[PDB]
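Have a look below at one chain only, the form deposited in one PDB entry, in structure tokens format.
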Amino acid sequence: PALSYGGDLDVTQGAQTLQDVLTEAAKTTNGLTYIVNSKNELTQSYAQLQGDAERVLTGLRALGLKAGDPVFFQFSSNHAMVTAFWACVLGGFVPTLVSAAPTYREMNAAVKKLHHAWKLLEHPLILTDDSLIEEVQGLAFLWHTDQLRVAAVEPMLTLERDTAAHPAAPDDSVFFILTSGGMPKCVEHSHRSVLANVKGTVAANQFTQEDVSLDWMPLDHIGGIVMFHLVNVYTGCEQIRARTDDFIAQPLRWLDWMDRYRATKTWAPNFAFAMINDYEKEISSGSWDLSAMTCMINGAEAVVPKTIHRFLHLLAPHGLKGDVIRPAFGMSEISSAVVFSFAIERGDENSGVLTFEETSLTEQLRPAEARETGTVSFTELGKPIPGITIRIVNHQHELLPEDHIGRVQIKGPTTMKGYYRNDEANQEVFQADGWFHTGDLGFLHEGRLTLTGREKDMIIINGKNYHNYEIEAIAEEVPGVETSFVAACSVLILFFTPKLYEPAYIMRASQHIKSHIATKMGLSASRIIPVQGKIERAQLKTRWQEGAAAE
């Protein structure tokens, strides 16, 4: 059946709280390195991190924070954010990991979302940088409130160390983290759930203390805080941090950093690999030594086969091995990645990729050879990590067999406590028998997960759900329609290329399109809409990942 178990996981072994993790890390000689520019870096050993955290703890406790209070993080500096996080860990405070607003001058979507979480958490202290504190204080005017409370981190490092750490229990809440989506929800995790993912991820990837980590993704992203940062401290390995805006400005800096620091592992969503591919001209005029890289995780969004293979091809002359890319899938609600694929290879472009007939997406998937049209290719995302169970169910939540697209559900010890102060939302995701409803769509093959879409993308008609490729099919049925792409809109849109570019030929195929779909479906004819000088090397989906990501 479409049910895959990652194997047993000894969660009783190793550290049980994040305070133990920092202690075992403070005993090593490794630590963190913060990149500031091409010729400057700030270092902070794990032993030094522990000390700095105790100093900020003195400050936080001096502002009235008590064990269990939430703290609203608004940081631009990696050094301050990492230290604030571990100060809260020592004091038992609960950080709220959310990104900083693009601008604090005007009322934008980001500022409204910050207000929602700030109000939901009952006006917690906002912890900030010296660089950002000037902007964050402007929220008092945008929010029209007198309860705003802000404080910077740098002045707190000049205090003595408070070595009286609040004794934490595994089930205690460790931090909040905001999702993407309307208003964002507030995911609440515990020491036990985050550590279960760390321990499962270390076992699956064979991470060790000898790794050298490089990450420029935000720490307010679950993959930045758990999959990498906390994994790095749990293994005690060396980790290097860079600012996200520095990569977006000059993507090739990712290659400089990997070479500069001889990094062995890094990650990014698919758009970052595509951004690098756009620099093929300068990549062929540069020089990098990437022979140390062994793990390039690709996750957080759809992993495009053409993207990762062009990536491996461009960087081969610079020493990048052909098996370093590891597609992965995860969510904030399950404390980051729960599957990793180790099948991508430069030579064999079909390894770790599955191609099927488009006509089989609604039934048992029919394998097929890649073709100019009529087929679809998906990147396999791998088996579940130890301790995780994945299954695929239909719209009645019944178990499906493999090679059938369905609703992805997760069961394991990495699952959140739940959305904060939203019993209703928790009921929708927490199904009976301990299954978490991801909202994603995919299938299982040989125990390996592959995502194909999201419930959010389905279209409801007559009180029943349908896929965009189901509607597109009835349109291709119409004579004179070569191919078609649909896009549901709010006051149905159907693009189609005609077999013959001739007016009355195009007008008749357009009529039968608006009519045939209007009769195969119980919808008004008016609702359906048929429609009919430069070349771009970048893929269409990949170019949308870049625009959405940069903005």
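Residues that one form lacks are left out of the comparison. So that the term is clear: the rigid core is the largest set of C-alpha atoms that superpose within 1.5 Å between two forms. Note that residue numbering follows the sequence shown and begins at 1.
Keep in mind that the form deposited in another entry is missing from the display, and what follows is about it.
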| request: Inspect the rigid-core superposition and answer whether the C-alpha of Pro503 shifts by 2 angstroms or more between this form and the one not shown. | output: yes
| After fitting the core, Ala203 CA displacement of 2 Å or more between this form and the one not shown | no
| task | For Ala473, state whether the C-alpha moves by 2 Å or more between this form and the one not shown after rigid core superposition. | result | yes
| request: Once you account for a change of 3 Å or more, let me know if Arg543 and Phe485 sit closer or farther in the other entry, using their C-alpha atoms. | output: closer
| query | How does the C-alpha distance between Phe485 and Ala274 change in the other entry compared with the present structure, closer or farther, given a change of 3 angstroms or more? | reply | closer
| Displacement runs between this form and the one not shown, C-alpha, 2 Å or more, three or more consecutive residues, core aligned | 467-490, 492-532
